[PDB]
Amino acid sequence: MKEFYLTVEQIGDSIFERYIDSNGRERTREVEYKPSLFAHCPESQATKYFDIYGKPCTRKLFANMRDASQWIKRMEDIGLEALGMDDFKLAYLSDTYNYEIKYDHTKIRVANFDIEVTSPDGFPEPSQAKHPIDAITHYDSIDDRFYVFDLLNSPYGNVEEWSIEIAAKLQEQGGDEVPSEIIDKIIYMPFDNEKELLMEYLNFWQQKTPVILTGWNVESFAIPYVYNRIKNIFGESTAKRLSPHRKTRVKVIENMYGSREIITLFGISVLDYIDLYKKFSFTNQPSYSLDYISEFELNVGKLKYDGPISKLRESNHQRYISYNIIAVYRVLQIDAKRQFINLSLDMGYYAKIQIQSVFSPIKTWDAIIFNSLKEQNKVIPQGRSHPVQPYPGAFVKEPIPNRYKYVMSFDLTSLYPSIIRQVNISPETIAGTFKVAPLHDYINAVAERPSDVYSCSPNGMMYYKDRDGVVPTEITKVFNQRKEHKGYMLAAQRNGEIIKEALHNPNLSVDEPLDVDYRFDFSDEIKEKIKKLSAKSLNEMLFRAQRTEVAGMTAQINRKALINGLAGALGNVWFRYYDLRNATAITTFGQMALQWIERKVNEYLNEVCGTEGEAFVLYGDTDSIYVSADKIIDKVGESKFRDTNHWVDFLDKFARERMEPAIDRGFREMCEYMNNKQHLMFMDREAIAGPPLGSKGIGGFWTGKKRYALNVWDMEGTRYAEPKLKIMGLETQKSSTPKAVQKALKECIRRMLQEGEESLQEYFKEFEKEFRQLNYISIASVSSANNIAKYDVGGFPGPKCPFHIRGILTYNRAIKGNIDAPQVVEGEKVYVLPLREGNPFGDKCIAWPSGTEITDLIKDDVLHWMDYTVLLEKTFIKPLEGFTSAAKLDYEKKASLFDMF
DNA sequence: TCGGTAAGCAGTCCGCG
DNA sequence: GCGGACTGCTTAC
Ligand SMILES: Cc1cn([C@H]2C[C@H](O)[C@@H](COP(=O)(O)OP(=O)(O)OP(=O)(O)O)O2)c(=O)[nH]c1=O
Ligand SMILES: [Ca+2]
Ligand SMILES: [Ca+2]
Ligand SMILES: [Ca+2]
Ligand SMILES: [Ca+2]
């Protein structure tokens, strides 16, 4: 097999590399790598190395990496550019793996672990590590085993061994329900003392050294705790055995308001799963406890126990250990679904970076561009210091707030990357500038044509047309990968809808789910077989189709995020290729493209309808337009359609056969006007929306910019079994909105769009009457909580104290003195409830850590004093009033002359 | 929360005769 | 009471 790296580090003058050799074995080597850097040289000097602008360079080979670093410093002292890859390990990988890396995940040791630490006096601080580690569960992907290290004797209690037999039993048998599929994979090791436990764990780690190390909060808790505890008991040298090269560093992570410490383990790649999830999931959750995320992702129930976690080991050691094991498994289950480790490996090996560097789009693109340029013996520029400067972004149209009955939307494919490719925007393709007219003049095609030679953006920049820049070349490669995965995602989505339709008529039989590839549209033969399947088999197939869609979504949306990240990196001062001329060339071209095509679409539809000056485009944001289709439907007449699907078909065909060719002609003209390199503005129909045929539903409404709701029948070629609400920006979509209120507001919207005013009034009346019975957690608001200290004046709110922070201060006074009460953590999320006048907490609200029940001490008083009237007005009535006023509807029935009968 | 801009709403403070 | 200046937080792209 072809060799591939696992990890790489620089330690002084050596590169330490772990890798898989040509025979598939894991090896380690230390290499005295001699790096090269570059200086500009005279034109009359033979070289094969050129910078990105075509100026000749001489290569300087150093005796060691320290010599190279010192040379960079002296070049700064002189005032001359020091060119080349200054991150020597990236250069090492580029020289050692000079081909497209083909990796074999089965050879990569991925470890998932979790620790338990009993603590009487609050949260066990990892930097102190003053309490025994009393359990470790460590799953190894190569062994496919859960290694369980269990402390039986502690200063906080002596316990009996954990029983695998009880662990396996149902909770209704008094068991812990450890999933049967992992029971045979557990290797249980009990210990008489903590010193022996940790010594054995280190010997185990030496034998089975993680390449990828993951788990939940491992970077901020488990790793520093284990390192510091071993340090405290045995000394520094022993703790450093967690690194295969015996090297560690305390790293200070700084933010806006403070800092924290993590431990860097040289020769390991730590990918904390909470951080993978936050980067790659595109969710914003009210809590990031593993129980909360597990319930959201997997629909598994919360891990139930009695009393505080600090007393769990002593009271129920059996459950304590089972729950440690289950926590490790839940992370593996989330990854089986979301496939974030797979994604990280794919992108890391593609770029040729340390795998943990996938968190940084700047580092990722630096490496991709470096490797690409090196292939042509070109030499990268030195990174420079720049002051942070604001720059302009997208255009968003101000919509007229209203109901909109029939709507079709259109959207540009991969806009910012397509602009980069069309215009040919790159550091080395800058050709010069032209004299800019107001943007309006380009939009309306009255400005002078910018150039007869170069490719232009309306910010004034011109670009070469003779050859593609490196940024367009490399962005195209990742875009093509994205396109492939998006295809699989959409096919799985369409396949899912076929199964949903079939589920209306399930067959009374015993059979099996079909063995199919859900990434490809079902054949006619498969469709025929599906129509004969049982509900059991169909539901299994739906679950599998949906898992295939999730896998495709992970792969496509994150490749989209990477290519959009390159457009953004051009506007980040830490990027080697930072240039506001290029960042603004992208965003300004986008503003023009949207407004240009709004004009062309209005012109086309006014012509087909025989009117003048009427606005068909009701809204647009960045690269999308929303078109009123009422007049199109009315030209046919509603009574002429057989059912909803009939007019949906008609609009689908109108969009494809009439509107898209008109849009294409419009953009081709724009490409010629700007003299661009290649026409790549591809705007296809996205949504077809409207009320059910014959209903009193309103179809859709807008309240303002980035705030609308549509009843959608077809999305990007997926024809839904049931209409789907597309809601953007409204409170239903915000993590700050109470869970039960999101649900109620969504039902109000559904009723408005699908059924009409009377239906809305009926539901509102019921919600208002019953909502006080809702569980307190479900009606609590949520907020991140920063700067608690800034606003705390002797335990009371200082000037301008935010509402949620006020709630935290209230909580802190109520729990004062208690060492075991859950503390609110700076920067994390809290639940918030309003309090009625004259409550014993002495303020108008209270807040506590999100994802948790409020502590028993004050729970009774919180429930008794919760202000339901304020809660309802603020979270439900006010947003609903906004929706209904915009849609010209009433949520309460107004008096009529009929009330007289 | 270590890792592009536009823009909405909640809440504080305070003016507005 | 509602709007502007401002902070804080959270979305849509
Ligand atoms: C979603 C998103 C968009 N944008 C910018 C760049 C996008 O090209 C532009 C439009 O966003 P989108 O229409 O969401 O995305 P897209 O056009 O890149 O891709 P698709 O093919 O799925 O339509 O907004 C960002 O800069 N960052 C982001 O996270
Ligand atoms: Ca735990
Ligand atoms: Ca788009
Ligand atoms: Ca059937
Ligand atoms: Ca869009």
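Chain letters run A, B, ... following the sequence lines, proteins first and then strands; every chain starts at 1. Both backbone and side-chain heavy atoms feed into the values below; hydrogens, waters and symmetry mates do not.
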Yes or no on salt bridge (charged side-chain N to carboxylate O under 4.0 Å, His left out) for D621(A) and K397(A), after CA distance, side-chain angles and deciding distance?
CA-CA 6 Å; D621(A) 182 340; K397(A) 183 184 170 71; over 6 Å; no

Side chain of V396(A): nearest nucleotide among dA6(B), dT1(B), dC9(B)?
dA6(B)

In whole angstrom, give me the gap between the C1' atoms of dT1(B) and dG8(C).
14 Å

State whether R707(A) places a side-chain N or O below 4.0 Å from either non-bridging phosphate oxygen (OP1 or OP2) of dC9(B).
yes

Can you tell me if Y619(A) and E398(A) form a side-chain donor-acceptor pair at under 3.5 Å?
no

Roughly how many Å is it from CG in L415(A) to P in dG4(B), rounded to a whole number?
18 Å

Looking at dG3(B), I'd like to know if its phosphate oxygens (OP1 or OP2) sit under 4.0 Å from a side-chain N or O belonging to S357(A).
no

When you check the phosphate oxygens OP1 and OP2 of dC9(C), does a side-chain N or O of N786(A) lie under 4.0 Å from one of them?
yes

Measuring from the side chain of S735(A) (C-beta onward, heavy atoms only), which nucleotide among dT12(B), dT11(C), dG8(C) has the closest atom?
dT11(C)

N284(A) side chain near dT10(C) phosphate (N/O to OP1/OP2, under 4.0 Å):
no

Kindly point out which of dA7(B), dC2(B), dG8(C) is positioned nearest to the side chain of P802(A)?
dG8(C)

Indicate, with a heavy-atom threshold strictly under 4.0 Å, whether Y391(A) touches base, sugar-phosphate, or nothing.
sugar-phosphate

Between CG of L730(A) and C1' of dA7(B) the distance, given in whole Å, is 14 Å

Looking at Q356(A) and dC2(B), is any side-chain donor or acceptor paired with a base atom of the opposite kind under 3.5 Å?
no

Can you measure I788(A) atom CD1 to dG8(C) atom P for me and round it to whole angstrom units?
13 Å

Below 4.0 angstrom, N of the basic side chain to O of the carboxylate: do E686(A) and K726(A) qualify?
no

Would you classify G729(A) as touching base, sugar-phosphate or nothing, given that sugar-phosphate means primed atoms plus P, OP1 and OP2, and contacts are heavy atoms under 4.0 Å?
sugar-phosphate

Does the side-chain ring of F359(A) sit on the six-membered ring of the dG3(B) base, less than 5.5 Å centre to centre and under 30° in tilt?
yes

Pairing donors with acceptors under 3.5 angstrom, does anything connect the side chains of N217(A) and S220(A)?
yes

Rounded interatomic separation in angstrom, taking OH from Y257(A) and P from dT7(C):
10 Å

Sugar-phosphate, base or nothing in reach of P392(A), heavy atoms under 4.0 Å
sugar-phosphate

Hey, does the side chain of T810(A) reach the backbone of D843(A) with a donor-acceptor pair shorter than 3.5 angstrom?
no

For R806(A) and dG11(B), is the shortest distance between a side-chain N/O and OP1 or OP2 below 4.0 Å?
no

Under a plain distance cut-off of 3.5 Å, with no hydrogens placed, do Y277(A) and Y288(A) share a side-chain donor-acceptor pair?
no

Can you tell me which nucleotide in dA10(B), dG4(B), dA7(B) comes closest to the side chain of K705(A)?
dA7(B)

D623(A) CG to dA6(B) P, straight-line distance once rounded to whole Å
15 Å

Think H804(A) has a side-chain N or O under 4.0 angstrom from the OP1 or OP2 of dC9(C)?
yes

Quick one: label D275(A) by what it contacts on the DNA or RNA (base, sugar-phosphate, nothing), any heavy atom closer than 4.0 Å.
base

If a positive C1'-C2'-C3'-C4' torsion means north (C3'-endo side) and a negative one means south (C2'-endo side), where does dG11(B) fall?
south

So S783(A), base contact, sugar-phosphate only, or nothing? Heavy-atom distance under 4.0 Å.
sugar-phosphate

For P361(A), report the nucleic acid contact type (base, sugar-phosphate, nothing); a contact means any heavy atom under 4.0 Å.
sugar-phosphate

Using a strict cut-off of less than 4.0 Å between a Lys/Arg side-chain nitrogen and an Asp/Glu carboxylate oxygen, indicate whether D867(A) and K874(A) qualify as a salt bridge.
no

Please state how far atom NZ in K278(A) lies from atom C1' in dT10(C), giving the value in whole angstrom units.
15 Å

Comparing nearest nucleotides in DNA chain B, the 5'-proximal residue of the pair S784(A), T587(A) is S784(A)

When all nucleic acid strands are considered with a 4.0 Å heavy-atom cut-off, which category describes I262(A): base, sugar-phosphate, or nothing?
base

Is there a side-chain polar atom (N or O) of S360(A) under 4.0 Å from OP1 or OP2 of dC2(B)?
no

For residues 251-269 of chain A, which side-chain donor-acceptor pairs fall under 3.5 Å, sequence neighbours excluded?
from    : atom 1 : to      : atom 2 : distance (Å)
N255(A) : OD1    : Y257(A) : N      : 2.9
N255(A) : OD1    : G258(A) : N      : 3.1
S269(A) : OG     : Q356(A) : OE1    : 2.6

Just compare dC2(B), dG8(C), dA12(C) and give me whichever is closest to any side-chain atom of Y708(A).
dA12(C)

Note: for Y416(A) and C801(A) on DNA chain B, the residue whose nearest nucleotide lies more 5' is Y416(A)

Does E254(A) reach a base, just sugar-phosphate, or nothing at all? Heavy atoms under 4.0 Å.
sugar-phosphate

Look at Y791(A) and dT7(C) and indicate whether a side-chain polar atom (N or O) is within less than 4.0 Å of OP1 or OP2.
no

Figure out the CG/P separation between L594(A) and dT5(B), and round it to whole Å.
19 Å

In this structure, how many angstroms lie between the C1' atom of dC2(B) and the CD atom of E219(A), rounded?
9 Å

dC9(B) OP1/OP2 closer than 4.0 Å to side-chain N/O of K734(A):
no

With a 4.0 Å cutoff (strictly under), does any side-chain N or O of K279(A) reach OP1 or OP2 of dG3(B)?
no

Please tell me if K874(A) has a side-chain N or O lying less than 4.0 Å from either OP1 or OP2 of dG11(B).
yes

Just curious, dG8(C) north or south if you read off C1'-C2'-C3'-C4'?
south

Counting only side-chain nitrogens and oxygens, does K844(A) get under 4.0 Å of the OP1 or OP2 atom of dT12(B)?
yes

